[PDB]
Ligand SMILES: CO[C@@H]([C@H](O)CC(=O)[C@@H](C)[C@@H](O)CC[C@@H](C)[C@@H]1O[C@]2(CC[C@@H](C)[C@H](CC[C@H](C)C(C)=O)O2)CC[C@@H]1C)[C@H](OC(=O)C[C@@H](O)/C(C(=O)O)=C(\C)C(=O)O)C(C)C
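Let's start with one chain on its own, the form deposited without the ligand, as structure tokens.
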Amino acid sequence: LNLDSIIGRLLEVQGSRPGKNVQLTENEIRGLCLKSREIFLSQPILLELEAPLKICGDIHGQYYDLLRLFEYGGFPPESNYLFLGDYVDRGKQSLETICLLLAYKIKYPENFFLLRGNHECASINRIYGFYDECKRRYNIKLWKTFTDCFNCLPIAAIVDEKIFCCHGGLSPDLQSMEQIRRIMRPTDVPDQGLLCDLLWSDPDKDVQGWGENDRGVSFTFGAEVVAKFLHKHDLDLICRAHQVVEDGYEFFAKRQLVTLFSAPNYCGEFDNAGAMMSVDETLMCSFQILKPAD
């Protein structure tokens, strides 16, 4: 599989105005899916990672923003990356987005990591754009191929035993990290349970303990839940994504949780900045924020 050629073609369109598509061949993409799938399974479902690295929230097919992020953060392998999920749906270029991410996973498997978000699920991306994009630009068979790949993505990450990372947030069923490790891949995302929550839950300032979620799926959780969780597991910080926030990042429960969202001007419907979080060797954390020049 010619990974360098795939990557070269994907990066080739940087600086284009208007933004072009990159149309890989069907077999190139199937290759990306199949080879990345093997790597996902050969690595733990709960990743254990070391700083320094850069952490990104939702992309949702905003491919040129992804290139912007890499341009400023440093293209692999110049920097290590952990993405929190939601690569596809809503945006114009889900295909270029997921392909570049899978390509980097295969090229730098020890320095580049992808978590599963709730949109890396067939029941979800059938509805929110990715299915249509595949059907329009390739075929439905390719969509199913991605699905098999997504079903093997890891679910959570812990950076140097101190930063717990996942797409959505906490679960009332989460008592031990071992429960996460025990989850078998490939798997779909169920309508309920630990896996659901990790991909779907939200922090909420006005709830005490666990509340119902307006998404109609999973739960909300409050500041005390966060405190007890960090204390119980000897962690300092929860890093999650999943909700668009105005500054690209947002603190919760003092600075015990942060929400990251990396797609600026999200799907043309929001005036949010996009942010990534840089974690240095010592776990000093800071934000690199993408916003309009105006």
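Note that residue numbering begins at 1 and tracks the sequence as displayed.
One more form of this protein, solved in complex with the ligand, exists but is not displayed; see below.
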Checklist line | Interface residue in the deposited complex among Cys33, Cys239, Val244, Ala51, criterion: non-hydrogen atom within 4.5 angstroms of the ligand | finding: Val244
Item checked: Partner-contacting position among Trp210, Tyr128, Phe112, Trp143 - heavy atom within 4.5 Å of the ligand in the deposited complex -> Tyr128
Margin query: Please determine whether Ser123 contacts the ligand in the deposited complex, using a 4.5 Å cut-off between heavy atoms.
Written below: yes
Item checked: Exercise: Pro190 in contact with the ligand in the deposited complex, heavy atom 4.5 Å -> yes
Checklist line | Contact label in the deposited complex: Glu178 to the ligand, heavy atom within 4.5 Å | finding: no
Item checked: 4.5 angstroms heavy atom contact with the ligand in the deposited complex for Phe164 -> no
Check: in the deposited complex, do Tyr63, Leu67 and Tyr138 all reach within 4.5 Å of the ligand through at least one heavy atom apiece?
Finding: no
Next item on the list: Name the stretch, out of 101-109, 179-187, 68-76, 214-222, where some heavy atom lies within 4.5 Å of the ligand in the deposited complex.
Entry: 214-222
